[PDB]
Amino acid sequence: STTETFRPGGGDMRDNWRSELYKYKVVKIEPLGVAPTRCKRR
Amino acid sequence: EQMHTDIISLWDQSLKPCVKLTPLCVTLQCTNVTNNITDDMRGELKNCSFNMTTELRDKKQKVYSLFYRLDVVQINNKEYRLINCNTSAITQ
Amino acid sequence: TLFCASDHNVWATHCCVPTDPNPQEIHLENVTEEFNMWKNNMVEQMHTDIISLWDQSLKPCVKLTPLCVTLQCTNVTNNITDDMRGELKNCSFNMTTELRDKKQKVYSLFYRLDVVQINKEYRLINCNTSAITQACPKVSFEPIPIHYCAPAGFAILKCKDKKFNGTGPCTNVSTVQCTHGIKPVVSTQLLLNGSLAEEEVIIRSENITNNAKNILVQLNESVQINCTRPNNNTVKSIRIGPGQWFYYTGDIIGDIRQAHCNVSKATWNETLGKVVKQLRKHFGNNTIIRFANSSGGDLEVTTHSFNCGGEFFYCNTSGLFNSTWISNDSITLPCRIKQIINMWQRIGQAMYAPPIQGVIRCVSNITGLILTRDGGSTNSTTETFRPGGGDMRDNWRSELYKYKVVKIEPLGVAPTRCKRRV
Amino acid sequence: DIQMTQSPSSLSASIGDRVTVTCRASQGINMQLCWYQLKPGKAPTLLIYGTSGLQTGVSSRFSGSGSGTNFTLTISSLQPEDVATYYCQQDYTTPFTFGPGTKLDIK
Amino acid sequence: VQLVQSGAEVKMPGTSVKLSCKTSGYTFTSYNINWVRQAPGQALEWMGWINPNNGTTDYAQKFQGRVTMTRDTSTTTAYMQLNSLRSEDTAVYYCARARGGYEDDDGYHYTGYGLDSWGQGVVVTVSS
Amino acid sequence: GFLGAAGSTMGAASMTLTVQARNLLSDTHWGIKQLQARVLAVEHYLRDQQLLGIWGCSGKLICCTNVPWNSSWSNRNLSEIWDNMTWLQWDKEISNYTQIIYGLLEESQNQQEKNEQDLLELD
Amino acid sequence: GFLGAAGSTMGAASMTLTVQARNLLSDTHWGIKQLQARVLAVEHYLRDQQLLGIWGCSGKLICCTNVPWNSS
Amino acid sequence: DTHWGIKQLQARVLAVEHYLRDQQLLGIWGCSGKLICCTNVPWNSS
Ligand SMILES: *[C@@H]1O[C@H](CO)[C@@H](O[C@@H]2O[C@H](CO)[C@@H](O[C@@H]3O[C@H](CO[C@H]4O[C@H](CO)[C@@H](O)[C@H](O)[C@@H]4O)[C@@H](O)[C@H](O[C@H]4O[C@H](CO)[C@@H](O)[C@H](O)[C@@H]4O)[C@@H]3O)[C@H](O)[C@H]2NC(C)=O)[C@H](O)[C@H]1NC(C)=O
Ligand SMILES: *[C@@H]1O[C@H](CO)[C@@H](O[C@@H]2O[C@H](CO)[C@@H](O)[C@H](O)[C@H]2NC(C)=O)[C@H](O)[C@H]1NC(C)=O
Ligand SMILES: *[C@@H]1O[C@H](CO)[C@@H](O[C@@H]2O[C@H](CO)[C@@H](O)[C@H](O)[C@H]2NC(C)=O)[C@H](O)[C@H]1NC(C)=O
Ligand SMILES: *[C@@H]1O[C@H](CO)[C@@H](O[C@@H]2O[C@H](CO)[C@@H](O)[C@H](O)[C@H]2NC(C)=O)[C@H](O)[C@H]1NC(C)=O
Ligand SMILES: *[C@@H]1O[C@H](CO)[C@@H](O[C@@H]2O[C@H](CO)[C@@H](O)[C@H](O)[C@H]2NC(C)=O)[C@H](O)[C@H]1NC(C)=O
Ligand SMILES: *[C@@H]1O[C@H](CO)[C@@H](O[C@@H]2O[C@H](CO)[C@@H](O)[C@H](O)[C@H]2NC(C)=O)[C@H](O)[C@H]1NC(C)=O
Ligand SMILES: *[C@@H]1O[C@H](CO)[C@@H](O[C@@H]2O[C@H](CO)[C@@H](O)[C@H](O)[C@H]2NC(C)=O)[C@H](O)[C@H]1NC(C)=O
Ligand SMILES: *[C@@H]1O[C@H](CO)[C@@H](O)[C@H](O)[C@H]1NC(C)=O
Ligand SMILES: *[C@@H]1O[C@H](CO)[C@@H](O)[C@H](O)[C@H]1NC(C)=O
Ligand SMILES: *[C@@H]1O[C@H](CO)[C@@H](O)[C@H](O)[C@H]1NC(C)=O
Ligand SMILES: *[C@@H]1O[C@H](CO)[C@@H](O)[C@H](O)[C@H]1NC(C)=O
Ligand SMILES: *[C@@H]1O[C@H](CO)[C@@H](O)[C@H](O)[C@H]1NC(C)=O
Ligand SMILES: *[C@@H]1O[C@H](CO)[C@@H](O)[C@H](O)[C@H]1NC(C)=O
Ligand SMILES: *[C@@H]1O[C@H](CO)[C@@H](O)[C@H](O)[C@H]1NC(C)=O
Ligand SMILES: *[C@@H]1O[C@H](CO)[C@@H](O)[C@H](O)[C@H]1NC(C)=O
Ligand SMILES: *[C@@H]1O[C@H](CO)[C@@H](O)[C@H](O)[C@H]1NC(C)=O
Ligand SMILES: *[C@@H]1O[C@H](CO)[C@@H](O)[C@H](O)[C@H]1NC(C)=O
Ligand SMILES: *[C@@H]1O[C@H](CO)[C@@H](O)[C@H](O)[C@H]1NC(C)=O
Ligand SMILES: *[C@@H]1O[C@H](CO)[C@@H](O)[C@H](O)[C@H]1NC(C)=O
Ligand SMILES: *[C@@H]1O[C@H](CO)[C@@H](O)[C@H](O)[C@H]1NC(C)=O
Ligand SMILES: *[C@@H]1O[C@H](CO)[C@@H](O)[C@H](O)[C@H]1NC(C)=O
Ligand SMILES: *[C@@H]1O[C@H](CO)[C@@H](O)[C@H](O)[C@H]1NC(C)=O
Ligand SMILES: *[C@@H]1O[C@H](CO)[C@@H](O)[C@H](O)[C@H]1NC(C)=O
Ligand SMILES: *[C@@H]1O[C@H](CO)[C@@H](O)[C@H](O)[C@H]1NC(C)=O
Ligand SMILES: *[C@@H]1O[C@H](CO)[C@@H](O)[C@H](O)[C@H]1NC(C)=O
Ligand SMILES: *[C@@H]1O[C@H](CO)[C@@H](O)[C@H](O)[C@H]1NC(C)=O
Ligand SMILES: *[C@@H]1O[C@H](CO)[C@@H](O)[C@H](O)[C@H]1NC(C)=O
Ligand SMILES: *[C@@H]1O[C@H](CO)[C@@H](O)[C@H](O)[C@H]1NC(C)=O
């Protein structure tokens, strides 16, 4: 009929947290890298 | 996941040094609280009495207390036990 | 400090670190190194860490303090063969329930080795010494291969010389990060499921002429030993307190027969003769080598102790160490079983081994022996070797004998023809 | 539910013979078919638990074996005391079921 | 071990009967008690079983509604009540002990050993 | 500020290396977790410093070496890489060759040390 | 590989010093023991680096200095 | 003794962190590996 039924749910507390932490991500900084240049060691 | 884990830990540590209620898991004698009860609350509260321990090991004291029915289960003035007695100790 | 690694089991839970597939080793050409298995501290660490696992594993399990009560017991005389007469006691007591004001009468069977008479009234044997903890039935102590691995800055050197006896120079050595897997089987007189010698029986000792030292004998062939607890035991349980269950043997089905272990007689005789030949190399090929049983002491020392299916057996080896060597059928060793165990030669800290449902059978490989010489003097140049008692450390020393731990020291100096440039 | 049946109804044998009876289970019962002996005027007793292994006090003359559904009880040497109706039961599942018994007469 | 039954009587169709089985020699709460009926002729049939430790019961479909069971752990005895009788219920009722299984934190484990320690049998007849 | 140059081109971002470098060092259960975290930060720092030392770079934020650039690692122009690309993009572009390049850097320094064992100028 | 040069002569062994350097930096009671082991690895590493610093050999695997060799 | 062990680890880790912090600054300032280092920053009379 295309009628959808929605009900209250939850009980898994992690889902409550997810509503505040959704905008944050943790990353690790990786300071080394290499690239080509015209410099040569002498 | 970390927020969840740390929260579980706080609750478990915070209750760590608190009074244990193992001595409270005794058979209770309970009747209904019928004094000035509206219809919506009939059967919700019970008036229980029991023999509780005291500061000396050889003494006992009679205690009267009120409980919500969700916390108290009938064995079979009727006798009752706390709902948890068959699962775990209950820390105050 | 070494850490362990491995490929509801205590060992797997603790040695959570994974191991490499196809681990490599580096042969060190032209390196001669000196090893000493008797001064090896890998043994000491392994011993200490094992004790810790047991104590941690039992830490959260049901305490059985409430069961240290007076028991009323009679002998089981119903369908008991002569071999088992007096071994089982049928006991009853007034036990608590989850509610503090109620008691229940509990009936159970116990082995006599766990129960002592008070002055019939009996008590559990541990009541005058210490509290006892029930081992959790869902926690397995079944040994699995464990690999000991060095931390960065350290290396483990392995001795590959084929005849290496644990002491002195070794010329075929290599560097590894982790040891081979060692299965931590705990036993007394005979060593089970270890590695085998490749060329011959190898006899290792710290001081071979010192009667205060043991002898560790590594076999190059295994001897199969088949152990059983033949009756159908039924496990029952009661609640002691909120959330705490106790297990006990309710009833044994069938005529009661003793637990026992079998070894092929011919195989046992052949692998004993092999040991004798190697002993002659140290004591003389014109002397007489005799074997005899243990000298006496606590059950845990005088018998062959092992964990079979989770049950604890104490078998009489006098049927094995009974021969004189001068220049088909199986041997049956009767066994006894007990549930209250003081493990690791400690006083107190007892554990209760829950009963096991059904009939128990296991098959193990004898890979080595611990023997002692019976003192003596020149006399009539007959010497007797008896199964030794031994420390549990001896069981780990026998596998770790080829490994050494060293520290790497990167700085050094030497003369050359260069000078600081400016 | 699991139906249980037996074949040799009204079997008869001489004293000293070897006597066997069979029992069949629907579905399969994990080798947990027990056997009982019922004499008129008496409570039934247990002979065999599982498909093999005797109840204490039961004579060694009794034995048994089977497959997942096909089971047999044997008396190695029939005695005058073995006249009873024998029953088989599935201790495998919850709605424990007994099959019809089979009476044994002396020839 | 000993199990003792009582309550043999004559009932009229439409009434109820409550039978009892007293037990001794074993931990009362450790073994499930089964009731088995022996109709005249016919065959033995299982009616149901009560777990004496927590009151869990399980009934044969034929008797659902009709049969209830209870336990007394102060006085170590078990009871069975058949709620509405008919002449078809004339039978010898037996009390029997399962000799295997145990409870745990994870629920009940049944090991499969058979029924032992049978009671004497109680005759109940239903006729006028 | 810290990571302010993350969206900048490699050329522009190479001028902020110092600010990034400065941000690398800055209840039993809880105490162990925190020690775990602090020790690891130190170990990672030291591993990067050791690699630079092995490659012959010490005390430098920008260090030149003798390893030729392979067109198979990345076939791009200097103007393309330095002016129209960021370091995040570059890191992804050549992540496949990180270990190859590192292996070569070590080999180059070892040859340099061998050449320095000569007292002869090697001209 | 690591320590493969252990049986080599000093001259030949010195050809592969990097391999020996790059391999130096790789339940409450268990956790504490492991932290102690990690800390010592770091402290020993740093001690050796400090000496190279003091002697003026920082950053080098092979360093020439002016201290003469004593025949004794 | 768990508490003693943690306090000692606290102290050792911290000593390492301070050491490295100062070494990093010498690196940043171009004075790595030296006890005495000349720079290009003029001294201010203020
Ligand atoms: C020396 O080395 C030998 C060989 O490794 C050891 O023998 C083994 O011992 C273990 C532990 O007792 C046995 O493990 C048990 O196996 C049962 C299944 O057996 C069947 O299936 C296997 C399939 O591999 C066949 O090989 C075997 O012949 C049978 O057909 C399991 O049912 C057991 O489970 C128990 O524990 C679980 C825990 O989760 C419970 O849930 C179960 O209910 C039950 O209690 C268990 O896993 C193993 O089978 C033995 N191997 C052999 C070949 O017999 C010796 O023990 C060792 N000696 C010493 C002294 O340690
Ligand atoms: C719970 O039960 C107690 C015991 O009967 C009640 O306390 C008594 O109350 C009467 C008045 O109705 C007094 O005269 C008695 O002296 C009290 N006895 C004691 C021992 O305190 C109590 O009021 C009941 N509580 C509720 C909510 O009904
Ligand atoms: C007990 O000893 C037997 C040999 O007598 C071991 O079984 C052999 O193991 C080797 C391993 O290289 C296999 O190549 C053989 O095929 C196995 N033989 C047989 C007949 O299977 C057995 O593994 C030993 N048991 C233990 C626990 O060590
Ligand atoms: C140990 O060996 C004995 C025999 O010495 C085995 O007992 C026999 O088992 C057979 C069945 O295989 C019976 O027919 C015999 O009557 C038994 N003999 C005796 C004296 O009882 C025993 O099973 C073996 N045990 C193990 C663990 O292998
Ligand atoms: C221990 O038990 C094993 C079986 O698990 C016995 O091995 C079998 O022995 C028979 C002869 O009696 C052979 O026909 C089988 O092929 C063997 N099976 C296997 C897998 O090897 C073994 O002999 C028993 N050992 C002892 C000492 O009694
Ligand atoms: C102990 O009980 C088990 C049943 O739990 C008996 O096992 C049966 O043994 C026969 C004989 O080999 C097998 O054919 C059956 O398959 C077994 N039952 C099962 C569940 O498969 C066992 O014989 C009993 N043992 C003793 C000595 O009492
Ligand atoms: C264990 O001891 C109890 C008694 O403490 C025994 O129980 C008795 O069993 C007989 C029949 O075997 C009954 O007639 C008695 O009435 C029972 N007494 C009680 C107090 O219940 C039990 O049989 C003994 N078990 C064994 C194997 O010896
Ligand atoms: C308490 O309320 C219940 C409601 O179902 C009633 O059946 C019970 O008899 C009452 N008890 C008392 C002591 O009033
Ligand atoms: C308290 O204990 C006495 C026995 O000393 C008993 O008679 C009484 O009923 C108990 N009262 C309660 C409320 O449990
Ligand atoms: C404890 O009692 C409650 C009563 O509502 C029951 O639902 C629960 O299953 C019981 N738990 C145990 C372990 O007996
Ligand atoms: C139980 O065994 C002991 C063994 O020392 C014996 O003295 C005692 O008389 C036996 N008791 C019975 C009832 O057989
Ligand atoms: C259990 O308690 C009763 C009194 O209720 C006493 O007569 C009996 O002897 C006690 N039994 C045991 C084994 O302690
Ligand atoms: C405990 O009792 C046994 C048996 O009488 C005795 O041998 C043992 O020495 C006693 N233990 C202690 C600590 O007294
Ligand atoms: C070392 O290994 C070689 C094979 O690679 C073997 O020929 C040699 O005999 C071994 N040396 C010793 C002392 O075993
Ligand atoms: C064997 O032990 C002796 C000491 O009893 C020792 O001198 C010798 O080096 C050891 N090794 C071998 C291979 O003999
Ligand atoms: C064990 O050593 C003896 C030495 O006499 C040899 O005859 C036998 O074949 C060896 N066994 C194995 C499995 O290598
Ligand atoms: C070996 O034991 C003898 C005792 O018979 C002792 O005199 C000798 O010193 C011991 N050997 C060593 C190396 O200690
Ligand atoms: C026996 O001992 C002598 C030394 O007295 C030794 O030379 C010989 O090899 C040994 N073995 C045999 C089989 O003679
Ligand atoms: C050793 O055997 C003798 C019989 O020759 C026996 O009297 C003694 O008790 C046995 N030793 C042990 C510890 O059982
Ligand atoms: C071992 O068996 C012998 C057989 O003569 C017996 O005398 C001895 O007491 C038994 N020892 C043990 C510890 O079972
Ligand atoms: C040792 O062997 C003799 C036969 O030479 C035998 O009489 C004696 O009983 C055996 N000892 C044991 C403990 O079996
Ligand atoms: C071992 O078997 C041989 C036969 O192959 C026999 O001559 C010898 O006497 C037996 N061993 C013992 C200790 O009797
Ligand atoms: C973003 O791109 C624009 C292009 O006009 C450039 O001017 C700006 O500096 C860039 N942002 C950063 C952080 O480099
Ligand atoms: C690197 O350059 C060589 C030619 O010097 C070429 O063979 C190789 O394929 C290039 N790239 C890689 C990833 O090997
Ligand atoms: C190599 O590059 C391909 C894309 O061309 C990618 O799918 C693969 O995962 C990369 N391998 C590694 C080790 O980065
Ligand atoms: C061991 O000595 C031989 C002598 O010819 C030499 O060729 C070989 O390289 C040496 N091994 C090592 C690791 O240097
Ligand atoms: C070092 O050389 C000096 C002479 O310059 C000499 O006196 C001294 O004994 C030598 N050795 C040592 C260890 O000082
Ligand atoms: C440094 O010198 C300049 C003049 O060249 C002066 O303006 C500035 O205030 C001085 N620095 C400080 C901290 O006063």
# chains A, B, ... in the order shown; residues from 1 in each chain; ligands from 1
>>> residues_around(residues="region 9-16 of chain E", least_positions_apart="2", cutoff="8 Å", atoms="only C-alpha atoms", output="list in words")
residues 7, 18, 81, 82, 83, 84, 85, 86, 87, 123, 124, 125, 126, 127 and 128 of chain E
>>> write_last_selection(atoms="C-alpha atoms", output="mmCIF file, in the first residue's frame")
data_model
loop_
_atom_site.group_PDB
_atom_site.id
_atom_site.type_symbol
_atom_site.label_atom_id
_atom_site.label_comp_id
_atom_site.auth_asym_id
_atom_site.auth_seq_id
_atom_site.Cartn_x
_atom_site.Cartn_y
_atom_site.Cartn_z
ATOM 1 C CA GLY E 7 -3.510 -40.807 46.339
ATOM 2 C CA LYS E 18 -4.166 -34.474 42.740
ATOM 3 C CA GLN E 81 -3.062 -32.467 39.119
ATOM 4 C CA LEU E 82 -5.362 -33.552 36.355
ATOM 5 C CA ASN E 83 -8.064 -30.878 36.134
ATOM 6 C CA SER E 84 -11.036 -32.578 34.518
ATOM 7 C CA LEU E 85 -11.437 -36.329 34.432
ATOM 8 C CA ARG E 86 -13.076 -38.730 32.039
ATOM 9 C CA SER E 87 -13.350 -42.551 31.976
ATOM 10 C CA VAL E 123 -4.376 -46.306 40.631
ATOM 11 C CA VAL E 124 -6.959 -43.762 39.663
ATOM 12 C CA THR E 125 -10.254 -44.853 38.227
ATOM 13 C CA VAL E 126 -12.944 -42.694 36.759
ATOM 14 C CA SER E 127 -16.470 -44.130 36.840
ATOM 15 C CA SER E 128 -19.749 -44.054 38.878
#
>>> residues_around(residues="region 58-75 of chain D", least_positions_apart="4", cutoff="9 Å", atoms="only C-alpha atoms", output="mmCIF file with N, CA, C and O atoms, in the first residue's frame")
data_model
loop_
_atom_site.group_PDB
_atom_site.id
_atom_site.type_symbol
_atom_site.label_atom_id
_atom_site.label_comp_id
_atom_site.auth_asym_id
_atom_site.auth_seq_id
_atom_site.Cartn_x
_atom_site.Cartn_y
_atom_site.Cartn_z
ATOM 1 N N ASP D 17 17.652 -69.923 25.093
ATOM 2 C CA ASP D 17 17.891 -69.428 23.749
ATOM 3 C C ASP D 17 18.441 -68.025 23.794
ATOM 4 O O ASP D 17 18.438 -67.361 24.830
ATOM 5 N N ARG D 18 18.758 -67.508 22.621
ATOM 6 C CA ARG D 18 19.186 -66.137 22.476
ATOM 7 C C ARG D 18 18.004 -65.382 21.936
ATOM 8 O O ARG D 18 17.400 -65.796 20.946
ATOM 9 N N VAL D 19 17.634 -64.311 22.603
ATOM 10 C CA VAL D 19 16.452 -63.573 22.209
ATOM 11 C C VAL D 19 16.708 -62.142 21.847
ATOM 12 O O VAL D 19 17.297 -61.395 22.619
ATOM 13 N N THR D 20 16.242 -61.729 20.685
ATOM 14 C CA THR D 20 16.420 -60.339 20.335
ATOM 15 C C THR D 20 15.137 -59.707 19.911
ATOM 16 O O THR D 20 14.276 -60.357 19.320
ATOM 17 N N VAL D 21 15.037 -58.414 20.158
ATOM 18 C CA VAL D 21 13.918 -57.624 19.693
ATOM 19 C C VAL D 21 14.417 -56.342 19.075
ATOM 20 O O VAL D 21 15.439 -55.811 19.509
ATOM 21 N N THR D 22 13.660 -55.765 18.156
ATOM 22 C CA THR D 22 14.108 -54.518 17.568
ATOM 23 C C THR D 22 13.080 -53.402 17.747
ATOM 24 O O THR D 22 11.876 -53.667 17.906
ATOM 25 N N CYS D 23 13.589 -52.152 17.654
ATOM 26 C CA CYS D 23 12.900 -50.880 17.847
ATOM 27 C C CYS D 23 13.360 -49.857 16.808
ATOM 28 O O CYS D 23 14.546 -49.735 16.494
ATOM 29 N N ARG D 24 12.407 -49.143 16.226
ATOM 30 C CA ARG D 24 12.753 -48.176 15.202
ATOM 31 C C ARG D 24 12.284 -46.776 15.525
ATOM 32 O O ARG D 24 11.139 -46.541 15.922
ATOM 33 N N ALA D 25 13.167 -45.820 15.297
ATOM 34 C CA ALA D 25 12.827 -44.433 15.562
ATOM 35 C C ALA D 25 12.615 -43.609 14.319
ATOM 36 O O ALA D 25 13.415 -43.660 13.387
ATOM 37 N N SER D 26 11.603 -42.770 14.339
ATOM 38 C CA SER D 26 11.452 -41.787 13.285
ATOM 39 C C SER D 26 12.543 -40.743 13.449
ATOM 40 O O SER D 26 13.013 -40.514 14.559
ATOM 41 N N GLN D 27 12.989 -40.140 12.359
ATOM 42 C CA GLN D 27 13.945 -39.011 12.349
ATOM 43 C C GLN D 27 15.402 -39.319 12.711
ATOM 44 O O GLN D 27 16.313 -38.998 11.950
ATOM 45 N N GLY D 28 15.614 -39.926 13.853
ATOM 46 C CA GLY D 28 16.930 -40.224 14.389
ATOM 47 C C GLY D 28 17.013 -39.576 15.742
ATOM 48 O O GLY D 28 16.575 -38.443 15.936
ATOM 49 N N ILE D 29 17.551 -40.323 16.693
ATOM 50 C CA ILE D 29 17.590 -39.860 18.075
ATOM 51 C C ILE D 29 18.945 -39.812 18.737
ATOM 52 O O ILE D 29 19.062 -40.156 19.910
ATOM 53 N N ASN D 30 19.984 -39.572 17.960
ATOM 54 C CA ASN D 30 21.337 -39.438 18.486
ATOM 55 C C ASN D 30 21.789 -40.591 19.342
ATOM 56 O O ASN D 30 22.496 -40.382 20.316
ATOM 57 N N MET D 31 21.428 -41.804 18.989
ATOM 58 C CA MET D 31 21.830 -42.947 19.775
ATOM 59 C C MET D 31 21.455 -42.849 21.263
ATOM 60 O O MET D 31 22.198 -43.313 22.129
ATOM 61 N N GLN D 32 20.259 -42.346 21.566
ATOM 62 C CA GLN D 32 19.771 -42.256 22.937
ATOM 63 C C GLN D 32 18.471 -43.034 23.175
ATOM 64 O O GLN D 32 17.524 -42.505 23.769
ATOM 65 N N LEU D 33 18.413 -44.276 22.695
ATOM 66 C CA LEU D 33 17.223 -45.093 22.888
ATOM 67 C C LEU D 33 17.357 -45.978 24.095
ATOM 68 O O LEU D 33 18.132 -46.923 24.062
ATOM 69 N N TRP D 35 15.926 -48.704 27.085
ATOM 70 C CA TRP D 35 15.024 -49.847 27.178
ATOM 71 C C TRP D 35 14.610 -50.128 28.596
ATOM 72 O O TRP D 35 15.448 -50.103 29.506
ATOM 73 N N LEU D 46 14.473 -49.847 34.452
ATOM 74 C CA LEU D 46 15.397 -49.494 33.382
ATOM 75 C C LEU D 46 16.443 -50.549 33.189
ATOM 76 O O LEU D 46 17.047 -51.012 34.151
ATOM 77 N N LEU D 47 16.641 -50.956 31.950
ATOM 78 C CA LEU D 47 17.638 -51.944 31.632
ATOM 79 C C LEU D 47 18.861 -51.302 31.038
ATOM 80 O O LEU D 47 19.982 -51.472 31.524
ATOM 81 N N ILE D 48 18.630 -50.599 29.939
ATOM 82 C CA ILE D 48 19.691 -50.015 29.140
ATOM 83 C C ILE D 48 19.509 -48.542 28.962
ATOM 84 O O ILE D 48 18.427 -48.085 28.595
ATOM 85 N N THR D 51 22.044 -46.441 24.127
ATOM 86 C CA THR D 51 21.642 -47.643 23.400
ATOM 87 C C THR D 51 22.352 -48.868 23.908
ATOM 88 O O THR D 51 22.009 -49.997 23.554
ATOM 89 N N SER D 52 23.346 -48.641 24.728
ATOM 90 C CA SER D 52 24.179 -49.671 25.295
ATOM 91 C C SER D 52 24.705 -49.204 26.622
ATOM 92 O O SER D 52 25.006 -48.028 26.790
ATOM 93 N N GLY D 53 24.859 -50.122 27.545
ATOM 94 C CA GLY D 53 25.347 -49.812 28.879
ATOM 95 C C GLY D 53 24.228 -50.098 29.834
ATOM 96 O O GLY D 53 23.093 -49.658 29.640
ATOM 97 N N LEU D 54 24.541 -50.841 30.873
ATOM 98 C CA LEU D 54 23.507 -51.241 31.788
ATOM 99 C C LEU D 54 23.346 -50.422 33.017
ATOM 100 O O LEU D 54 24.306 -49.930 33.606
ATOM 101 N N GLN D 79 16.043 -66.513 30.514
ATOM 102 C CA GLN D 79 15.753 -67.121 31.791
ATOM 103 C C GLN D 79 14.250 -67.084 32.057
ATOM 104 O O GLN D 79 13.536 -66.322 31.408
ATOM 105 N N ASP D 82 12.535 -63.633 32.676
ATOM 106 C CA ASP D 82 12.522 -62.588 31.670
ATOM 107 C C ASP D 82 11.179 -62.382 31.000
ATOM 108 O O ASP D 82 11.074 -61.653 30.012
#
>>> residues_near_ligand(ligand="ligand 23", cutoff="9 Å", atoms="only C-alpha atoms and all ligand atoms", output="list in words")
residues 4, 5, 6, 7, 8, 9, 12, 13 and 86 of chain F
>>> residues_near_ligand(ligand="ligand 4", cutoff="9 Å", atoms="only C-alpha atoms and all ligand atoms", output="compact mmCIF listing (two decimals) with N, CA and C atoms, in the first residue's frame")
# COMPACT_ATOMS: atom_id res chain seq x y z
N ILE C 225 50.63 -44.14 25.58
CA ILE C 225 49.94 -44.50 26.81
C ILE C 225 48.44 -44.13 26.72
N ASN C 226 47.55 -45.11 26.96
CA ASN C 226 46.09 -45.01 26.87
C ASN C 226 45.45 -45.00 28.25
N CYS C 227 44.87 -43.86 28.69
CA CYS C 227 44.31 -43.68 30.03
C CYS C 227 42.80 -43.56 30.00
N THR C 228 42.17 -44.14 31.02
CA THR C 228 40.74 -44.09 31.11
C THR C 228 40.14 -44.09 32.51
N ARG C 229 38.94 -43.54 32.57
CA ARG C 229 38.05 -43.49 33.71
C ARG C 229 36.78 -44.15 33.19
N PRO C 230 36.65 -45.48 33.29
CA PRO C 230 35.67 -46.33 32.61
C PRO C 230 34.18 -46.23 32.93
N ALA C 259 40.21 -46.57 37.53
CA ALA C 259 40.86 -45.85 36.47
C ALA C 259 42.20 -46.48 36.26
N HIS C 260 42.65 -46.50 35.03
CA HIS C 260 43.93 -47.11 34.72
C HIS C 260 44.54 -46.58 33.43
N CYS C 261 45.86 -46.82 33.22
CA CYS C 261 46.59 -46.48 31.99
C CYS C 261 47.36 -47.68 31.44
N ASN C 262 47.33 -47.84 30.13
CA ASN C 262 48.05 -48.93 29.48
C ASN C 262 49.19 -48.43 28.59
N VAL C 263 50.33 -49.16 28.61
CA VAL C 263 51.46 -48.98 27.65
C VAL C 263 51.78 -50.31 27.04
N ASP C 329 50.56 -58.03 24.87
CA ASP C 329 50.27 -57.59 26.24
C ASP C 329 50.60 -56.15 26.53
N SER C 330 49.88 -55.57 27.47
CA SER C 330 50.13 -54.22 27.93
C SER C 330 50.40 -54.22 29.40
N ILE C 331 51.09 -53.20 29.85
CA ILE C 331 51.32 -53.03 31.27
C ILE C 331 50.23 -52.14 31.76
N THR C 332 49.50 -52.58 32.77
CA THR C 332 48.41 -51.75 33.27
C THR C 332 48.81 -51.10 34.57
N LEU C 333 48.66 -49.80 34.62
CA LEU C 333 48.97 -49.00 35.77
C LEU C 333 47.66 -48.58 36.42
N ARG C 361 38.40 -40.82 28.24
CA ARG C 361 39.48 -41.51 27.58
C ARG C 361 40.42 -40.50 26.91
N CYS C 362 41.75 -40.72 27.00
CA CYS C 362 42.76 -39.90 26.32
C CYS C 362 43.95 -40.78 25.96
N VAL C 363 44.65 -40.37 24.91
CA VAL C 363 45.86 -41.05 24.50
C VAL C 363 46.99 -40.07 24.42
>>> residues_around(residues="residue 277 (chain C)", least_positions_apart="4", cutoff="10 Å", atoms="only C-alpha atoms", output="list in words")
residues 201, 272, 273, 281, 282, 284, 285, 289, 325 and 327 of chain C
